[PDB]
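K.L.:
I'd like to ask some things about the structure below.
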Ligand code: CLA
Ligand code: CLA
Ligand code: CLA
Ligand SMILES: CC1=C(/C=C/C(C)=C/C=C/C(C)=C/C=C/C=C(C)/C=C/C=C(C)/C=C/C2=C(C)CCCC2(C)C)C(C)(C)CCC1
Ligand code: SF4
Ligand code: SF4
C-alpha cells in the first residue's frame, strides 16, 4: 500500500509563494496577502479535500519534528561536554552549581559569567540534566560526545526518512486506517520493549556505577561500564546473586534476585532520591504489563478483538444506540484524534509535574530547589497549553467534519439536544464557587482592616479544616505493614510519616501539614478550573448554531462577527472562545504556581543544624499570612521581589533586565486588545498621503490588521509578557537563596 | 565650567568610581589560580577598565557631583564631538538609505506588476542603484531645484 | 403526529400547569378562620408599604439611639491615651 | 539554477542575510573600538 | 428498546424534556402539595404557611454567625436581625405585587392541565391575591421568628 | 453628641430603601 | 425598526437580496441600468441590522444603506 514517486522533487514551487492555495498564489495586491500566507501554512485540510493526501502530508511533518528534537538533544548533550563543569560537579554535587553555558565578552556582557564552583565561570542551568547524567552512570565527557554524535546521526536519518516517505514511496490511505495494528505495535514494541531495554541498562550499568559513587569512590577510579559485563566477578562481588546467572529466572526462583530488585519505598539517605533497584523493578514490571497489553486487537490471524465490535456492544436505556458509529468518526477525521490526544497528553503532563516533586527520582535533585521549581512550573504550563488546544481542535472538528447524514452517532446527538441545561448548571456552579471561595478572602481583609481578628476564617478564630485530605494522609502514612505488607516505608515522605531526610545540611522532604489556608486555595483552584471548563465547553457546544445566529456553521470556524445587528454579535465564533479561555488558563496556572512556590518555601525547604532544628526560607508564615489578599501582596510579592530588583551589577542582572522587558511586553499588548481596526485604517490614510507627496508610496497598499489577527497578537503578547515576568522573578528569587 | 561642571581628570569621585570597580573586579580573582583562564579574563577586564577610564580622562569630558560624565549639546566648539559630528554622520547615512529606497521604488513603478518586484527583489537593479546613494545630497538638492522632488 | 391546531392554541403553545393542583383546602376550618380574622389588616397593599416603611424607620432608629457601649464598640469610645504623630504632632 | 536564485531574492532571506552581515560588522567595530562616548577626531 | 427521557407532554418542539427528576411520581406528588401550587385555596393561608416556614428558618444563621454570637445577647440580636430581614422581604413582595399586577384584570395563570383538562386559573396572579399572599407571609414570618426565639431561649431544651 | 447615631443610619439604610422603591415604581410604570 | 435605503447607483446584480438572512429585500423592474433592475426594501420591520447587504455591494460606495434605529423585539433577534 505505497505509491512510487507521487511528487517530483523540484525547486519550482519555492519561487512561487502561496502555491498551496489558489487565492494566495494570485499575487500581493495588499499587505493582507503576506499575513494570510503564514496563517494558512499548515492547514492541510484547506489545501485539498483528499484524505489520502492529507494523511501523507501529516506523516512527513512528524519526521521533521523528530529531527528537530534530535538536534535539540544533540546540542544539549554537546554543551555539557565542552562548556560545562560536569566532572567537577560530580565530585561535589552539594556545593557546586551546575553550569553549561559561557558568554563571549564583547560589550561588558562577560559579567554574566559568574562563579559557580569548580574553577568555572558561566551561567547556572536549572534543567536538571546533570542529575539525569549521573543517574545513568555517565562519568567522563567522551560518553557525552558520543551521545551528541549519535543524536546528530539520528536527526539526519529522521530528515532522510521524512523526505523519502513523501517523495519516493508514500503509503496509501488503507495503510493509515489500520488502527488495530498501530495500537498493537505502539503498545508491545514502542513502550514495552523500550521499558525492557531501559530496565536492562539500569540493571547492567546504572546500578554498579551508582553504588560505587555512593560508596564515595573517586569517579576516575570507577571501572568502565563494559568491565561489569566482561568480568562477571565484579558483579558477583557487588551482587552475589549474579554468580548464579539466569538459572533462577528460568526455574521461577525469582526470590534470589531480591538483592537488586527490591520493594523498599521512600528515599535514599545518601542522595535524597528513590532507590534505583525499585526503579529497575518498576520498569521490568511495566515492560511485562505493556507487552501483555499489546496482544488484544485482531489482525491477519483471527485471534483478538475488533474495536468496532467492542464499541457497538455498549448502549443503555438512557443513551439509546450508544457507541455505534464512533468507530467511523475516529477513523476518518484527523481533528478529533488530535483533540483527544492533546487532552490526554496535557492531563498526563500535569500528573507528571505533580508526581515528580514529591517523589524525587534523581540523585541530589530534592536539594536543588531551583531545578524543582523550574520543572514544576514548566510542566504545568505545557499541560495547560495542551489542554486548551484539545478544546480548540474539538471545536474545529465540530465546525468542519460533523455530518449526521453519513456519520450519525446517538451519543453526540443526545448531548447537543440539551446543551442549555449543561451550560446553565455550569454557570451556576461557577458563580457559587466564585462567591464562596473568593468571598472568604474579602471577608478576612475587611475584618482585619476593621480591627476584628477574632471574626476571621483562620486556624485561631473560625477553622475550616480539610478533614477529608487529612484522612487520606493518615491512611497513606499507615499503609505499610497493614495494607501494603511488602513495603518497608511509605511511597512519599509528604504523607505524614514523621521521618525527615536531610542531605548536605538541607531539608529534602518532610511531612506537609494541611490547614485552613489550603482549603481556601484548593477551592480557588477548583473555581478557576471550572470557569475555564465552562468557557471551553460553551465554545465547543455552540459551534454550529444558537438561538441568536441559527446559521453559525455557514460562517465558518474563524470569523469575527455577524454585524452590529441583534444588539451586537461580537466574538460569537468558536475561535473567540479559545481566545477568551487562554486568559483564564493563564490565571489558573499562575495561581497554582504561586501556591506551590510559597508553600514549599514556607513549610518544606530549609536548613538543618547539628542539633536538628529546621529553619525554613521564609520562617513558616504561610499559615497566618496567606488568608488575606494583603498578605499575598506583602509577604509574597513585595518581600520576595527584592532579589530581582537588586540584581544589577552582578551575574543575575539578566533576570533584572528580563523583568522590565516582560513588563513592557505585557503592557504593550493592551493597545491591540482595547482598540479597533477602523481607527488604525483611518490613521494610515494620512500616512500614505505624505508618501504619495514624495513619490515613495508602495504598490503593495498598506492595510491595517484584521480583527482576528489583532486579537491573536494581543493575546500572544499578553501571555508572553506575563509568563516571562513570572519566569524572571522565580529564577532570580530562587537562585540567590 | 559650563553649568558648574568639572573636568573628569580633576574629579575625585571619578577616581573613587574607578577604584571601586577595580577593587570589585580584583576580589573574584583571588578565587582562581594565576595560570587559569578565568584569571586571564579578569586581568583583561581590569586592563580594559583602566584603559576606558584613562580614555575618558583624556577626551576632556565634564563630570557632575556624582562623578559621571555629562554631554553638552548647545553647540560649543569645545564639545562638538559629543553631538554635532555623530549627528552629521547619522544624517548622511540616513539620507543615503532613504535615497536608495526612493530610487528603487521609482525605478520599478513603470513595470506591469510592480507589486511583484517588491517581495522578490531584483538584485542586479538594486546593486546598480546602491552605489548611487554615495552622492545623495547633490542629487537631492538638484532635484529640489528642478521641481522634480515633489509629486504634482 | 399532529402538534398544530388553530382552534386550540393552548396546547399548541404549551400553556399547561405542570404541578398545579386543584385539590380542596387541607387546613382545619377553625384554624383557617382564625388566620383570616387576625391576618386581615395586612392584606391592603397600599397601607402595608407605608406601615413597613414607618415601622422599619422607627425601630431601627430607636435601637441605634439607645444602644449601650457593651454592644457597639464605637458607643464605648476610646479607652487609652493618645499617641503623638510624626514630627511631634498631636 | 534560476529557481534557486529566485528563492534567494525573497524578502525574508535577503533581510536575514543583510541583517546578519550588518550585525557582524557592528560587533567587529565595537570589538576594535570599545567604550566610545564622544567623537575624538 | 425502552427509553426513559421523553419530550415534554409528547410535543418534541417545545423547549423542555421529561426526565425522572421532573416527572417522577414521588416528585410530582411532592411538588403538587406545596402551598405555592395549591391553586384552589385562599392565597392568605398559603402565604401564612410560607411565612411561618421561612421565618422559623432564618433565626439560626443570624444567631450562630452574628457579631454577638459569643456574648449574652446572641439570641435577641439574631431574632431582631431575622425580623428585619423578614420585613425587607415583605417590602420586596409588596413592591413586586404593586408593579406587576393591575386592579380589575383577570388572572394570567394557565388554565389547562397536562392531560388537557380545563381548570380555573390560579388567583395568586392577581392584585388582590398577591396582596393577601404578602400579608399572610408577613404575619407568618413574624410568628415563626417569635416561636423559634421562644423555643430556643425561653425553654431550656437540651438542644445540640 | 448623639446625633450621628441617628442621622448615619437614617441616611444609609432608610432613605436609600425609600428612594429605590419609589424609583423602581416610577420606572416600572405604564399608561 | 431600522431604515434601509436604495440609491440610483444600483446595477441590479441581485447580490443583496440573496444575502438577506430574513425576507426584507426584493427586486423590481427598472430602467436606468443595463440589467434593467433595482432593489427594494418593503419589509424593513423584519430588519435585524447585521449589514450583510452592504458586504455584497460591488459599487464603490454602497447603493444599499442600513441606518440603525429604534429597537424592537424583532430587530434584536430575541427568542425568549
Ligand atoms: C500537536 C499539537 C498541535 C498541532 C499538530 C496543531 C495543528 C494545527 N493547528 Mg493548533 N493548537 C495547538 C496544538 C496543535 N495544533 C494548541 C496546543 C493550541 C492552543 C494554544 C492550538 C490552537 C490553535 C488555533 C487557535 C488554531 C490552530 C490551527 C491549527 C491548524 C493550522 C496550523 C497553522 O496554520 O498554524 C500556523 C502557525 C503559525 C502561524 C505559527 C504561530 C507563531 C507562534 C504563535 C508565535 C511564537 C512566538 C515566538 C516565540 C517568537 C519568535 C518569532 C521569531 C520570528 C523572531 C493545524 C492543523 C488553526 C486552524 O485549524 O484553523 C482552521 C487555528 O485557527 N491551532
Ligand atoms: C525607503 C522607504 C521609505 C521612505 C523614503 C520613507 C519616508 C518617510 N516616512 Mg516611512 N515607512 C517606511 C518606508 C519609508 N518611509 C516603511 C517600510 C514603514 C513601515 C514600517 C514606514 C512607516 C512610517 C510611519 C509610521 C511614518 C513614516 C513617515 C515618513 C516620513 C517622515 C520621515 C521619517 O523618517 O519618518 C520615519 C520613518 C520610519 C519610521 C520608517 C522606518 C524605516 C524603514 C523600516 C526603512 C525601510 C526601508 C525599506 C526596507 C527600503 C528598501 C530599499 C531596498 C529595496 C533597496 C518620510 C517621508 C512619517 C510621516 O511623516 O508620515 C507620513 C510616519 O509617521 N513612515
Ligand atoms: C451605610 C449604612 C449602613 C449601616 C448604618 C449599617 C449598620 C450595621 N450593619 Mg451593615 N452593611 C452595609 C451598610 C450599613 N450597615 C452595607 C452596604 C453592607 C454590604 C457590604 C453591609 C453588610 C453588613 C453585614 C454583612 C453585617 C452588617 C451588620 C451591621 C450592624 C452591626 C452589628 C450590630 O450592631 O448588630 C446588632 C444588630 C441588631 C441588634 C439587629 C439589627 C438591627 C435592627 C434592629 C434590625 C431591624 C431594622 C429594621 C426593622 C429593618 C430594616 C428597616 C428598613 C427600612 C431599612 C449595624 C446595624 C452586621 C449585623 O449584625 O447585621 C444584622 C452584619 O453581620 N452589615
Ligand atoms: C541516550 C540517547 C541515545 C542513545 C540510545 C541508545 C544507545 C539506546 C540503545 C538501545 C538498545 C541497545 C536497545 C536494545 C533492546 C533489546 C531488546 C528489546 C531485546 C529483546 C529480547 C527479547 C524480548 C527476548 C525474549 C526471549 C523470550 C521471551 C523467550 C526466549 C528467550 C528470549 C531471550 C529470546 C542517542 C544517541 C540516540 C541520542 C539520544 C539519547
Ligand atoms: S444594492 Fe448592491 S448588490 Fe444590490 S443590486 Fe444594488 S449594487 Fe447590486
Ligand atoms: S441589514 Fe441585515 S437584515 Fe437588514 S436588510 Fe441588510 S442583510 Fe437584511
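Numbers run from 1 along the shown chain.
When the header is checked for method, it gives electron microscopy, 3.2 Å.
Every residue, even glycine, has its Cβ placed from backbone N, Cα and C.
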K.L.:
Between A:214-236, A:237-259, A:306-328, A:421-443, which stretch does Swiss-Prot give the note transmembrane segment?
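P.N.:
It is A:421-443 that Swiss-Prot annotates as transmembrane segment.
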K.L.:
What range among A:58-81, A:82-105, A:106-129 does Swiss-Prot record as transmembrane segment?
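P.N.:
Checking Swiss-Prot against the ranges A:58-81, A:82-105, A:106-129, the transmembrane segment one is A:58-81.
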K.L.:
Would you mind pulling the DSSP three-state label for residue A:680 (phylloquinone binding site)?
P.N.:
helix
K.L.:
In whole Å, how far does the CA atom of residue A:680 (phylloquinone binding site) lie from that of residue A:671 (chlorophyll a binding site)?
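P.N.:
Cα to Cα, residue A:680 (phylloquinone binding site) and residue A:671 (chlorophyll a binding site) are separated by 11 Å.
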K.L.:
Minimum Cβ neighbour count within 10 Å among the binding-site residues A:679, A:680: which residue?
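P.N.:
Per-residue Cβ counts within 10 Å for the binding-site residues A:679, A:680 bottom out at A:679.
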K.L.:
Tell me whether residue A:561 ([4Fe-4S] cluster binding site) sits in a helix, a strand or coil according to DSSP.
P.N.:
coil
K.L.:
Could you give the residue numbers and ranges of same-chain residues that sit at least 6 residues beyond the transmembrane segment (A:421-443) on either side and whose C-beta is under 8 angstroms from one of its C-beta atoms?
P.N.:
415, 456-457, 464, 520, 523-524, 526-527, 530-531, 533-534, 537-538, 541, 627-629
K.L.:
Which one of the binding-site residues (A:561, A:570, A:671) has its C-beta surrounded by the most other C-beta atoms within 10 angstroms?
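P.N.:
Result of the Cβ crowding comparison: A:561.
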K.L.:
Expressed to the nearest Å, what is the distance separating residue A:570 ([4Fe-4S] cluster binding site) and residue A:679 (chlorophyll a binding site) at their Cα atoms?
P.N.:
17
K.L.:
Using DSSP, would you call residue A:663 (chlorophyll a' binding site) helix, strand or coil?
P.N.:
helix
K.L.:
How many Å separate the Cα atoms of residue A:561 ([4Fe-4S] cluster binding site) and residue A:679 (chlorophyll a binding site)?
P.N.:
18
K.L.:
Using Cβ-Cβ distances, find the residues under 8 Å from residue A:663 (chlorophyll a' binding site) that belong to the same chain and are at least 6 apart in sequence, listing them in sequence order.
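P.N.:
Residue A:663 (chlorophyll a' binding site) has long-range Cβ partners A:721, A:725.
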